[PDB]
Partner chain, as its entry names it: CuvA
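Form solved without its partner chain, single chain, as structure tokens, below.
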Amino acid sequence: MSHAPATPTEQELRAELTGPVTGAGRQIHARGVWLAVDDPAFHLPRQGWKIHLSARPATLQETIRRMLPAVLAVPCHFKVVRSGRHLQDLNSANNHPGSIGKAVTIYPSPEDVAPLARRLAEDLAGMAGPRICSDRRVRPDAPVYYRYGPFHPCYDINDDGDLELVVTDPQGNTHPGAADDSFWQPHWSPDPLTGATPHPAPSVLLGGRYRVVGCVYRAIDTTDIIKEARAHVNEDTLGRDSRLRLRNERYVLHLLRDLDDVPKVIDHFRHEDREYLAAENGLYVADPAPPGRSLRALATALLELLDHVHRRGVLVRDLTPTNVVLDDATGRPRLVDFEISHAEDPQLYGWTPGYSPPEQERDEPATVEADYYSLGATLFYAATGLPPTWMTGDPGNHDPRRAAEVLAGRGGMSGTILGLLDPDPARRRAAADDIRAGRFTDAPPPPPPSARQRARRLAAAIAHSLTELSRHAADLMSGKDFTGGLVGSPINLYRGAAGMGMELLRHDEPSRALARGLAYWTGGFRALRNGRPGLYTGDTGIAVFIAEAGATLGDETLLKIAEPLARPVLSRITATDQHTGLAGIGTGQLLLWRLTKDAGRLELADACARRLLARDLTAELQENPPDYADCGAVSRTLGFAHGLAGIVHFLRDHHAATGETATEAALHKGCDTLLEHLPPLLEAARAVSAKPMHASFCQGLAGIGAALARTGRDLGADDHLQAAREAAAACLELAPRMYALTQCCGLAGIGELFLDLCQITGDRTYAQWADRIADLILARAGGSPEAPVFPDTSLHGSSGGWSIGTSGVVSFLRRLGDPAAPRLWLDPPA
């Protein structure tokens, strides 16, 4: 009928290896998912040329059997994927695209690289496997590839503060390796086979088959969309390839005559190791995608059943806001994906929308009925402008928590989509949206908040968040996440220990002890290691965290560890930015100067300010981009990070500390320029086409307004405070469609602006606005009440970083319950 290829066990591979390996004196150690074999009398260098062997689970055992002679002849180290399942994951694109096909890795002596490769090309013959993109291939008939890279895990720091695997040139410079999933030729070592050292150069496309616009492309026939599949990638337990997925598609594309207006024409061809088959809705320039801006917007909803009635035994099983397109009005319905539109015994495994499918796309049988949870979920993203909330591991990944949007409005669908997103009963797709509203249509019935019990909720949140932080911190310091080609900074403010620690210092004695441990761990990690001087990415924020921990905890040794930490050579620094440049360094040095009272820190801030004042005319840029089109350089010009708002912020702090008149002149000039360019981006924010970027703290109105509020207070100007008020209003309107909950790009920065205005002005109105932001945050959270988990930038996982994770959220929530509590990193300490 339909069969299942061999999936080797770890035991069978161990068996295929044990005999010959013991023969040559080499030995097997299991580590990660790579049964490795070490050979004495072969010292592994640290970089060089390496051989990769591609394979499928089915072929893995034979790949091992036919390689051992060659690899055991020459002294070398090597490793083989743990078992067949680990290889199916490795050859799956969702996990790690650049690691597909690297079933075996062999590290030999340099002189022996070229022979082995060829010697392994022979004996491997026509055995097939996914083509390894990051590497070159010995011959197209064999699954042997090679590349230059690290053999040991040596990391260096990038200009973002993060850590990347590197090789080192003969001058010692670190070059980032194994990135961009493209072959990179070292200029100091020759291609051991071509004998040549190519050079990189820069020198939508003429596909030759059909000249037209990484396995997808857009097209128009060279005569009058070409989906691509790479061989042996995404192989099912039934040996079902991505090319076979295209074949299922071609089937339904020829079974398309009824409702054929919706999908496209077809054409099938193949080349080498790949095959090809022939209005971009989900982009919400229009916020509720208004059918006609009328009171009723069930038009799109009934249009869904328009294609539901197609029947034909075709179960899309994957109806996402990216799987919808509609030229003009509700007419001209279009759709362009059916890879998993099959209920026959060959039922392809989906769960493709991390969030939008039912709880029963666990390969459980398919049902148009089940396509309801994709319908309703689609409807959710239709109203909210944002996906429903799903998190890897959420015991309540499907629940009335979605009701916590309770916006409706455009069509007021409400309880209909609740049934349409209910559990298995399906409510019969809530009566098939009640036969296109013929039977019924529901009205929004939001519940009433429990008044002071809100506080209970809030309390619980912080409480649980604290415990969650304690987990993340342990995962950080134990090196759990210290794997891969890119490792997020384990110490910087943005995502590292310093960001978390600072917040945990302001909480209970256990959380303070966690911050103490984090301080000492950061100190250790930073010693005898490369770094960057920035505030949000680099040494300045780190030093601030350690010194403040030494202060509030009364730990002299912490202050001693921080004393020499952030004293850079400003002459080398060229950026003028809070995030990485001189402005952020100046502010952090002023914070350290207030805690330590070390004159050198004030001198550093003064030096920052002088170098900044030198480029005051260079702060005046004639080119302006009020539209987000191409580079939304609102962030690169006016945002708190990368922009003038943070520069102004630091100049204000410097004047407040010293009183130097030069800083005052430049401050007034920058403030005036910001106010000149404010009205346009305000209008852009108020438009319907606005994007959450316009309200973001890092890049948008929230940061600009925080800066201008502090300026209005300290300078006495009230035009600044009013600018901040208008900014805050725009942010309040854009808050319910924010993508993230974080400080940098999400709701936390909005609410922090509101709290700033309440503390400066005194208008408890902004406190109500902030309470609304916190309510949105608690609703958009996952997990359960008394145990809420907050999604980070991934939208499905949790993390502890301050600006992109849970600790910043905890900062906002904490500050909600303690007025007159300074804003971290923007206001001075108590």
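Positions refer to the first chain, counted from 1. Only the largest set of C-alpha atoms that superpose within 1.5 Å between the two forms is called the rigid core.
One more form of this protein exists, namely the form deposited with its partner chain bound; it is left out here, but the text below deals with it.
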From the candidate stretches 266 to 274, 498 to 506, 678 to 686, 652 to 660, select the single one in contact with its partner chain in the deposited complex, where contact means a heavy atom within 4.5 Å. 266 to 274
Taking the shortest heavy atom distance, is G98 within 4.5 Å of its partner chain in the deposited complex? no
According to a 4.5 angstroms non-hydrogen atom cut-off, is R250 in contact with its partner chain in the deposited complex? yes
When the contact criterion is heavy atoms within 4.5 Å, does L205 count as touching its partner chain in the deposited complex? yes
Select from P568, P490, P358, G670 the only position whose Cα moves 2 Å or more between the shown form and the other one when the core is aligned. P358
Does superposing the core leave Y284 with a CA shift of 2 Å or more between the shown form and the other one? yes
Could you check whether the CA atom of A431 moves 2 Å or more between the shown form and the other one, using the rigid core for the fit? yes
Quick one: core overlaid, is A657 moving 2 Å or more at the Cα between the shown form and the other one? no
Which way does the C-alpha gap of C631 and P680 go in the deposited complex, closer or farther, given it changes by 3 angstroms or more? closer
With a change of at least 3 Å, which way does the C-alpha separation between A408 and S784 go in the deposited complex: closer or farther? closer
